[PDB]
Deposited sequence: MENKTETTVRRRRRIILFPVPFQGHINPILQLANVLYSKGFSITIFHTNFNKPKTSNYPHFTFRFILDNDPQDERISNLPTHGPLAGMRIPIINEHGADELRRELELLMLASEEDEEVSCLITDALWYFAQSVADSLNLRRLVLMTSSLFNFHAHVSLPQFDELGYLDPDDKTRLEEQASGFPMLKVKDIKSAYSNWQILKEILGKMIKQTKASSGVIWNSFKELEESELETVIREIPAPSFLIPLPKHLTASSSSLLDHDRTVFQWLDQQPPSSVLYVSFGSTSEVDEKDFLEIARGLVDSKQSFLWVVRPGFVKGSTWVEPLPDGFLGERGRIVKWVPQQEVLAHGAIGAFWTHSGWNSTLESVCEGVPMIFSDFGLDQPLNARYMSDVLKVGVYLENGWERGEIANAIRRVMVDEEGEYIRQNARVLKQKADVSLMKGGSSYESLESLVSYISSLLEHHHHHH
């Protein structure tokens, strides 16, 4: 192959997934693929015989800052600022030796990194290597981020109570959404600033989205980011099953085959989300009160003070519920049994659900999640946002609204229609197809 692309993921599930979907889409367009990855949280390389992996940054000589960090929880993510602050020299050496050791008929066209690797911009620049960025969060989230200076001056960033009102200058959000999203503003201000700055300075931004999903946000991206933006809905191309870091339960499909069509609520609150025991029990009570069948992925550590789901009484989630640890999520969402998805509103999950035409119930645990929940619930109207905590009646009502009630037909139909828009976008002539054609041509032009 004439042209090689190097991709550099953030080594967590929500970041490795999109970047290896992208790598596949690019391989299909005729690029060879090298993945630069930490040893930490590496995917299964035997799932990718067509890719070359090069492991970097935490190899066994290994700096003292990255040694001793836990492999899971919230502290595992301290690898990100550490690598941003200390990885530049090594990333440069690794890139250069690959650029030099390439064939006569082969060239390295570009580096694609996660947006959180803001340090890679200065490194790629120093090699005259073009860096493109993969955003793993939505265009709307970005639009909210660049509106922070106006939120600050309106005094929405102070923990003042105008919580239920539309935000002035940003009518799609309520003040509470902004409060929730930017609950650690003063803390994360500097690092978020760096990610934005270096994304703006990149050679192109690939968004895991499609035009017809976030059409209100496209002008912001054209205005605020001088580099070209490309929108590709990765889950429409292929699922992320090959980049799973955990063993799929898979016995779920036998259970799903015993369920009537559209009768199952899929429930998953996210990789690092945490609840008090009180709220965990309130969620379970909500699920039982809904009377719907459910498949609930609970990650160990979801319930504060418990290893897994110990506070649940025996048989409390009777015949119609199943709790598992891990599934091939998009494949589950594609299964005919699934009627809805109660999500924490992480962007991959949200987008997978959209691409599978599954309507949603939204909870959030901050960051971009309340913004995704607000946009999907109030703008697209493909789900119901439980935006006032956890209360069994409200939960049960939301589940039933989406899965059963005639009054929620609009939500179900909107989800079907939005899937169709995603499918159309991929076909020759569609917005994503053309965005991908432009990306391929753009990358091929960079030399």
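- Absence of C-alpha coordinates is noted for several segments of the deposited sequence, namely 1-10, 170-171, 460-466.
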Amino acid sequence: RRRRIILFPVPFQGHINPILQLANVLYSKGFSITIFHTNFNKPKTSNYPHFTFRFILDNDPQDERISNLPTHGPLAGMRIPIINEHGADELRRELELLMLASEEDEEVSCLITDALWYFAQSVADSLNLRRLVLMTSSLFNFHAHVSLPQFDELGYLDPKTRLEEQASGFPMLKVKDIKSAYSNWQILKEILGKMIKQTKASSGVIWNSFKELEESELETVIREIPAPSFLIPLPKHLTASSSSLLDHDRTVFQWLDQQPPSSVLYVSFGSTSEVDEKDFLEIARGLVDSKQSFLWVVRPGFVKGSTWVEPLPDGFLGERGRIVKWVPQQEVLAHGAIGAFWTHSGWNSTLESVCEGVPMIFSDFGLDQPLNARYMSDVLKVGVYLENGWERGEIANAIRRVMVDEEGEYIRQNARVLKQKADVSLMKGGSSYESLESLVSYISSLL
From here on, numbers count along this sequence of modelled residues.
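Basically, rigid core = biggest C-alpha set you can superpose within 1.5 Å across the two forms.
- Displacement analysis by core superposition in 7 other deposited structures of this protein ranks 192-200 above the other of 369-377 and 192-200 in root-mean-square C-alpha distance from the shown form.
- The rigid core fit leaves 65-73 as the farther-lying stretch in 7 other deposited structures of this protein, judged by Cα positions and set against 65-73 and 388-396.
- In the other compared entries of this protein that model both flanking residues, residue 161 lacks coordinates in at least a third of them.
- When the mean C-alpha temperature factors of 171-179 and 373-381 are read from the deposited coordinates, 171-179 comes out higher.
- Stretches 410-418 and 35-43 differ in mean C-alpha B factor, with the higher average recorded for 35-43.
- Comparing the C-alpha B-factors of 314, 90, 356, 125 in the entry, the top value falls on 314.
- Among 189, 143, 325, 236, the highest C-alpha B-factor in the deposited entry belongs to 189.
- When the modelled residues of the chain are ordered by their C-alpha B factor, residue 290 lands in the middle third.
- The PDB entry assigns residue 197 a C-alpha temperature factor belonging to the middle third of its chain's modelled residues.
- Ranked within its chain, residue 263 lands in the middle third, by CA B factor from the PDB record.
- When all modelled residues of the chain are sorted by CA temperature factor, residue 210 is found within the lowest third.
- In the PDB entry, residue 301 places in the highest third of its chain by CA B-factor.
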